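Just the one chain here, laid out as C-alpha cells, in the form deposited in one PDB entry.
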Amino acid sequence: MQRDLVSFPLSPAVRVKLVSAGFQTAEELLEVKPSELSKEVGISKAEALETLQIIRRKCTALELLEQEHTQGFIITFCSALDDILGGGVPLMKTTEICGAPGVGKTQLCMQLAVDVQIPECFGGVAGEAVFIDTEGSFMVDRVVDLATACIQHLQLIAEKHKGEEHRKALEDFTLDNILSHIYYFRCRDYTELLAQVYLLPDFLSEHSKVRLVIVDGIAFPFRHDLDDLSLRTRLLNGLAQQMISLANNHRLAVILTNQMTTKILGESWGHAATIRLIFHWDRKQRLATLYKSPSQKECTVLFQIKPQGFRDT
C-alpha cells in the first residue's frame, strides 16, 4: 500500500537525507540491512537502527456495550445529580465542572475522592485517587468528615443484609486505609503543572489501582504577564489529548475544574470536555445545570452541601 515517509514519525533531519538519496516509500527500506543503509545516506549506525525500528512497528459496539455496563460509575451521594449523569461520573471519559467561585466545586471533587474507594460489593469501584491541587484548597480534615460520615452510612445498610460478605469489606474499609490511598500533588505555576502532567502517564503505570484523576484548577487564579504565553501549550494540545488518552488506556476518570466560565480561554476550548456541568446561584439556592453531553439531554437539578457531604435537596 506504499506508505509514505511523511506519515512516519522519523526525525525531520533524517527524513530530508533519506528522500534526497531517492527514498520515497517505506517499502523500499525494509529489505536493506542497517549496515548498508548507514552508508548510502549520511547518518550514523544508531540512527540507522532507530529508523528501521519505526518503519516496521479492535472492539465492536457490542463488546464496548458489555464493558460499559460492567465498569461501575462513581457516585456522589446525590441521587438527583447522579440521575441526570446516567448513574454516576463515568470512567474512560473526561468531565468538566465550571462555575463562579464560592459555589462548591471543590466539595464535589473531595466527595468523589472518597466515593471511589467504596468496596465493589456495595456497588462501588474500589479504586484510589490522585489529587493534583493547583489552587491549594485541599484540606485533609475535611476528608475525615466526608470519610467517617460515609462509613456510618455504609454501616446502616450492612445490618439489613445479615451474613453477606459485606461484613468483611466493611472491616477492609477504614479511615486510615481510606486516607492511605489519596495522593496529593501541589503545583504552584504553569511549568510545574506541565511537568507533572508529562510524568503522570508513568506514575499511573506503576499503580494499576488508581481510578480517578482530579485537576483542581485548569486556569490559574492569576494568569498575568508573560504567563499567558505559558498557558498556551497546556490548554492547547496538552489538556485535550493527554487527559483523554490517559483516561482511556488506564481505564479511569478525569475531572477538570474551571473557574473562568460563570454564565450560560480560547474558542477551541469548548470542545475539550466530553461532559460539562455549570454551577450557579438562583434565589440564594444552589443549582446544577448540565450544559453538554453526548448521551443526556440538557436538564437542571437541585442540590445542597451539608456537613455530611454532597447531598440531594
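Think of the rigid core as the biggest set of C-alphas that the two forms share within 1.5 Å after superposition. When you see a residue number, it is the position in the sequence shown, counting from 1.
The discussion below concerns the form deposited in another entry, not included here.
Looking at CA displacements between the shown form and the other one with the core superposed, a shift of 2 Å or more is confined, among 305, 299, 19, 302, to 19. The Cα position of residue 227 differs by 2 Å or more between the shown form and the other one after fitting on the rigid core. Taking the rigid core as fixed, one finds a CA shift for residue 44 of 2 Å or more between the shown form and the other one.
Taking 2 Å as the criterion, residue 29 counts as shifted between the shown form and the other one: its C-alpha moves by at least this amount when the rigid core is aligned. Note on residue 186 and residue 224: their C-alpha atoms are nearer in the other form, a change of at least 3 Å from this conformation. Between residue 208 and residue 234, the C-alpha separation grows by 3 Å or more in the other form, relative to the conformation displayed.
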